[PDB]
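Everything on this sheet refers to the single structure shown next.
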Amino acid sequence: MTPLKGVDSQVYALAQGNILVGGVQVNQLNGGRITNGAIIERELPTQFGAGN
Amino acid sequence: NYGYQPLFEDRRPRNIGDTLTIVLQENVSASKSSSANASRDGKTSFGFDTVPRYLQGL
Ligand SMILES: CCCCCCCCCCCCCCCC(=O)O[C@H](CCCCCCCCCCC)CC(=O)N[C@H]1[C@@H](OP(=O)(O)O)O[C@H](CO[C@@H]2O[C@H](CO)[C@@H](OP(=O)(O)O)[C@H](OC(=O)C[C@@H](CCCCCCCCCCC)OC(=O)CCCCCCCCCCCCC)[C@H]2NC(=O)C[C@@H](CCCCCCCCCCC)OC(=O)CCCCCCCCCCC)[C@@H](O)[C@@H]1OC(=O)C[C@H](O)CCCCCCCCCCC
């Protein structure tokens with residue numbers, strides 16, 4: 001449950017889940033990826049559809 | 001507030017409402033001195049207490 005914030009210090013997502021890391025070229029064991037681990041919370045307003 | 005805020009900077013004040021801490025630690029000291037002196041002393045003497053007969057005129 002880490003809050004993901006933008007450059008404006010606003011919480012835009014909530015991330016929680018299980019880390020997946022690769023199991024002589026050793027893999028990076030201090031960095032992992034979570035697929036679908038973050039759920040969005042805020043929606044950025046857009047002008048799309050306005051104007052010509 | 002929607003403003004942008006850097007992550008790694010030292011969070012210095014940037015706008016009108018920002019607050020800053022001031023440590024006075026003021027210390028000033030100035031001194032001035034002057035002196036002058038002048039001394040003159042003189043003292044002259046002359047006396048016979050015994051005058052020759054030939055010099056009694058002067
Ligand atoms: C930078 C250099 C520039 C050059 C400067 C030149 C010299 C600059 C001038 C320096 C000399 C000062 C002048 C003083 C007399 C004077 O004019 O200014 C007085 C006021 C003071 C003003 C001074 C301001 C200067 C301002 C400063 C300026 C400095 C620059 C007015 C006055 O006159 N006041 C006056 C008044 O008082 P009152 O008001 O109350 O009435 O009357 C009473 C009573 O009179 C006495 O009665 C006695 C009896 O009772 C009687 O004896 P009796 O025998 O009869 O018994 C007796 O007769 C006698 O002496 C009898 C006989 C004695 C012979 C013995 C042998 C001595 C030889 C001695 C030989 C001397 C050797 C140097 O005589 C003389 O032949 C005198 C010798 C003459 C030498 C000539 C030099 C040849 C060069 C020989 C050269 C030698 C080469 C090696 C009667 N004496 C008198 O009449 C008075 C006078 C009669 C003049 C007739 C004689 C021919 C003068 C003929 C010509 C003189 C012209 C000058 O004699 C003098 O002294 C004159 C001294 C001159 C010296 C100049 C040197 C020039 C160097 C030359 C250099 C260029 C006095 O006491 C009183 O005078 C006194 O008190 C004076 C006191 O004694 C002596 C103190 C001296 C201390 C040094 C000063 C210290 C003062 C310092 C402080 C300021």
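Here, A, B, ... name the chains of the structure tokens in the order displayed, residue numbers run from 1 inside each chain, and ligands are numbered from 1 in the same displayed order.
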Neighbouring residues of residue A:15 were defined as those with any atom within 9 Å, considering only C-alpha atoms; residues of the same chain fewer than 6 positions away were excluded. Please report them as a list in words.
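The contact residues come out as residues 1, 2, 3, 4, 34, 36, 37, 38, 39 and 40 of chain A.
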Kindly provide the residues of chain B that approach chain A to within 7 Å, each paired with its closest atom pair and their distance in Å to one decimal, based on only C-alpha atoms, listed by chain and increasing number, as JSON lines.
```
{"residue": "B:2", "atom": "CA", "partner": "A:8", "partner_atom": "CA", "distance": 5.6}
{"residue": "B:3", "atom": "CA", "partner": "A:8", "partner_atom": "CA", "distance": 5.5}
{"residue": "B:4", "atom": "CA", "partner": "A:8", "partner_atom": "CA", "distance": 4.7}
{"residue": "B:5", "atom": "CA", "partner": "A:8", "partner_atom": "CA", "distance": 6.0}
```
Within 6 Å of ligand 1, counting only C-alpha atoms and all ligand atoms, residues as a PyMOL selection string:
chain B and resi 55+57-58
Writer output for current selection, N, CA and C atoms, as a CSV table (one decimal), in the first residue's frame:
```csv
chain,number,residue,atom,x,y,z
B,55,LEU,N,88.7,92.0,35.3
B,55,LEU,CA,87.4,91.7,34.7
B,55,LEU,C,86.2,92.3,35.5
B,57,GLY,N,85.2,95.2,35.5
B,57,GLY,CA,84.4,96.1,34.8
B,57,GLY,C,83.2,95.5,34.1
B,58,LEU,N,83.3,94.3,33.5
B,58,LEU,CA,82.2,93.7,32.8
B,58,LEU,C,81.4,92.8,33.7
```
Excluding same-chain residues fewer than 3 positions from residue A:33, what lies within 10 Å of it counting only C-alpha atoms, as a ChimeraX atom specification?
/A:17-22,36-37
Since we have the selection now, will you write its residues out, keeping N, CA, C and O atoms, as a PDB file, in the first residue's frame?
```
ATOM      1  N   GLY A  17       1.260  -5.392  -3.901  1.00  0.00           N
ATOM      2  CA  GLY A  17       1.310  -6.677  -4.572  1.00  0.00           C
ATOM      3  C   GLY A  17       2.579  -7.431  -4.232  1.00  0.00           C
ATOM      4  O   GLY A  17       3.203  -7.181  -3.204  1.00  0.00           O
ATOM      5  N   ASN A  18       2.944  -8.358  -5.111  1.00  0.00           N
ATOM      6  CA  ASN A  18       4.108  -9.214  -4.922  1.00  0.00           C
ATOM      7  C   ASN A  18       5.163  -8.879  -5.965  1.00  0.00           C
ATOM      8  O   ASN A  18       4.845  -8.730  -7.149  1.00  0.00           O
ATOM      9  N   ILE A  19       6.414  -8.763  -5.528  1.00  0.00           N
ATOM     10  CA  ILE A  19       7.508  -8.419  -6.426  1.00  0.00           C
ATOM     11  C   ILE A  19       7.963  -9.664  -7.170  1.00  0.00           C
ATOM     12  O   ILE A  19       8.022 -10.762  -6.603  1.00  0.00           O
ATOM     13  N   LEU A  20       8.288  -9.499  -8.449  1.00  0.00           N
ATOM     14  CA  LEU A  20       8.844 -10.568  -9.267  1.00  0.00           C
ATOM     15  C   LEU A  20      10.228 -10.146  -9.737  1.00  0.00           C
ATOM     16  O   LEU A  20      10.372  -9.117 -10.403  1.00  0.00           O
ATOM     17  N   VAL A  21      11.238 -10.939  -9.389  1.00  0.00           N
ATOM     18  CA  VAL A  21      12.617 -10.662  -9.762  1.00  0.00           C
ATOM     19  C   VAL A  21      13.199 -11.897 -10.432  1.00  0.00           C
ATOM     20  O   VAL A  21      12.790 -13.030 -10.155  1.00  0.00           O
ATOM     21  N   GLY A  22      14.162 -11.671 -11.321  1.00  0.00           N
ATOM     22  CA  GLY A  22      14.775 -12.783 -12.027  1.00  0.00           C
ATOM     23  C   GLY A  22      15.421 -13.763 -11.064  1.00  0.00           C
ATOM     24  O   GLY A  22      16.062 -13.374 -10.086  1.00  0.00           O
ATOM     25  N   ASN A  36       0.259  -4.948 -12.983  1.00  0.00           N
ATOM     26  CA  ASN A  36      -1.051  -4.543 -12.482  1.00  0.00           C
ATOM     27  C   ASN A  36      -1.024  -4.320 -10.974  1.00  0.00           C
ATOM     28  O   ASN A  36      -2.039  -4.474 -10.293  1.00  0.00           O
ATOM     29  N   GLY A  37       0.146  -3.960 -10.441  1.00  0.00           N
ATOM     30  CA  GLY A  37       0.281  -3.763  -9.010  1.00  0.00           C
ATOM     31  C   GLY A  37      -0.276  -2.457  -8.496  1.00  0.00           C
ATOM     32  O   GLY A  37      -0.504  -2.329  -7.289  1.00  0.00           O
TER      33      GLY A  37
END
```
Do you have the atom CA of residue B:56-atom CA of residue B:44 distance handy?
22.5 Å
Tell me, in Å to one decimal, how far atom CA of residue B:7 is from atom CA of residue A:5.
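So the answer is 11.5 Å.
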Just the number, please: distance in Å from atom CA of residue A:29 to atom CA of residue A:16, one decimal.
18.7 Å
DSSP-assigned strand (DSSP E or B) members of chain A, reported as a PyMOL selection string:
chain A and resi 2-5+11-15+20+33+38-40
